[PDB]
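Participant: Take this sequence and fold it.
(2 chains, ligands or ions: 1)
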Amino acid sequence: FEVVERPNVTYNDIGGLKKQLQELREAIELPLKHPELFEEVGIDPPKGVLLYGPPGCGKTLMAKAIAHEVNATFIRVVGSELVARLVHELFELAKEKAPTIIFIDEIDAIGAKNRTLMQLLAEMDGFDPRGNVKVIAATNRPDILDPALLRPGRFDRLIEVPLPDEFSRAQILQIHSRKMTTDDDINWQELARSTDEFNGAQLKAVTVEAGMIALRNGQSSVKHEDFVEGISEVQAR
Amino acid sequence: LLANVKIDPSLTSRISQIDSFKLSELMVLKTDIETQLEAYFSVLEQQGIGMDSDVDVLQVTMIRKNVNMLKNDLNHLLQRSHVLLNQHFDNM
Ligand SMILES: Nc1ncnc2c1ncn2[C@@H]1O[C@H](COP(=O)(O)OP(=O)(O)OP(=O)(O)O)[C@@H](O)[C@H]1O
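Facilitator: Numbering: from 1, shown residues only, chains lettered A, B, ... in the order given. Sure, the structure comes next:
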């Protein structure tokens, strides 16, 4: 599985998702920076937080930004690529490189309603909250999950991570345009309208498509027309 | 009952060089990968089955697995193409 010592991704790299990201920080960032306070008042922080929503909406992005802001190790697992030994080994490493944010992608692929599943429940009952290992899970179908995962002391904190709304889309386009010279007359709002029902991944792929055309034209920056051809290009996929 | 799929020459070789390609090569590659996926998708249309008898299932199982590997590669292509692209405008 993929391990990143300390990912260099700030909250500044996440377009929109303000309410959710704050919910996440209340659930993970807070008990990490000040675990004693949760002991003083005497309440356990959530061991696991489930991020459900469509793909390319920034579930991974959120989990990496937390791991960044909290100076932790980021260890990611792909749920389909697990399809039990490896789960134990995982959490073992996770404890070893603490602080650690474990990100279980495609958790539904192993947690529908077997050996590997049971292991994950064990590992999470294992380590205790206030501890410096926290779990974040990502899925499409929270409906399809086995109710053992959502029971307290596991993934007992749920956060919807939906598609970018008209405005969130503007940010995401700009976000991937930052390291990239851009004309001052560029209409970011018109772009947000033409990218109806787009996701973060696709919106990033627009900026990649735009900067290509500008380069192909030997422009010194990316013009608004480039982006629209980019959106045009991206639409066909 | 497909036989009309276009085939990707030197693809698995070019795919493995994404991190070491220049931008122009990535552009040609991206276009080629997409051309391959268009052919795969035409087929997923003919069965009328989206990406989500017994010799049916096996092909569809493989068809899907192929697209996903292609999508995972094209994704990598763009993440790298993006970084190289960002280096161009910081260069300036
Ligand atoms: N809100 C966002 N702001 C900026 N970029 C985004 C956002 N959401 C997604 N992206 C871009 O989309 C790509 C995929 O993002 P990410 O993997 O975080 O989404 P995800 O929901 O975790 O996808 P998956 O379903 O594969 O887990 C990333 O390269 C990221 O740059």
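Participant: so the residue in chain B that the ligand sits nearest to is in which element?
Facilitator: Among the residues of chain B, residue B:79 lies closest to the ligand, at 6.6 Å counting by C-beta to the nearest ligand atom. Where C-beta positions appear, they are placed from N, C-alpha and C, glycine not excepted. Residue B:79 is located in helix B:54-91, with elements delineated by DSSP states H and E.
Participant: Next one: the residue of chain B closest to the ligand from residue A:32, what distance?
Facilitator: Distance check for residue B:79 against residue A:32: by C-beta to C-beta, to the nearest Å, it reads 29 Å.
Participant: Then residue A:83?
Facilitator: 31 Å.
Participant: Between the two, which has more neighbouring residues?
Facilitator: The residue with more neighbours, out of residue A:83 and residue A:32, is residue A:32; 21 against 10, by other C-beta atoms under 10 Å in any protein chain shown.
Participant: Can I take it that the more buried one is in a helix?
Facilitator: Yes. Counting by DSSP: H, G, I helix; E, B strand; the rest coil, residue A:32 is located in a helix.
Participant: For the residue nearest to it when sequence neighbours are not counted, grab phi and psi.
Facilitator: If the residues on either side of it in the chain are set aside, residue A:32 comes closest to residue A:70, at 5.1 Å by C-beta to C-beta, 6 or more residues apart in numbering or on different chains. Backbone torsions of residue A:70, given as degrees, to the nearest 10, read phi -110, psi 10.
Participant: Contacts only, for residue A:70.
Facilitator: A:28, A:29, A:32, A:33, A:99, A:101 (C-beta atoms under 8 Å, 6 or more residues apart in numbering or on different chains).
Participant: Show the buried residues in these.
Facilitator: A:28, A:29, A:32, A:99, A:101 (16 or more other C-beta atoms under 10 Å in any protein chain shown).
Participant: Where does residue A:104 sit, in terms of helix or strand?
Facilitator: Residue A:104 belongs to strand A:100-105, assigned by DSSP H and E.
Participant: Remind me what the next helix or strand after that strand packs against, helices and strands.
Facilitator: Elements were assigned by DSSP H and E; along the chain past strand A:100-105, the next helix or strand is helix A:115-126. With contacts taken as 3 or more C-beta pairs under 8 Å, 6 or more residues apart in numbering or on different chains; DSSP states H and E, helix A:115-126 sits against helix A:85-96.
Participant: Which residues does the helix it packs on contact?
Facilitator: Against helix A:85-96 from outside (C-beta under 8 Å, 6+ apart): A:1, A:3, A:73, A:75, A:77, A:100, A:102, A:116, A:119-120, A:123, A:126-127, A:133.
Participant: try it again with 6 Å
Facilitator: A:75, A:100, A:102, A:119, A:120, A:123, A:133 (C-beta atoms under 6 Å, 6 or more residues apart in numbering or on different chains).
Participant: Check stretch A:112-126 too.
Facilitator: A:47, A:82, A:84, A:87, A:91, A:110, A:111, A:144, A:146, A:148, A:154.
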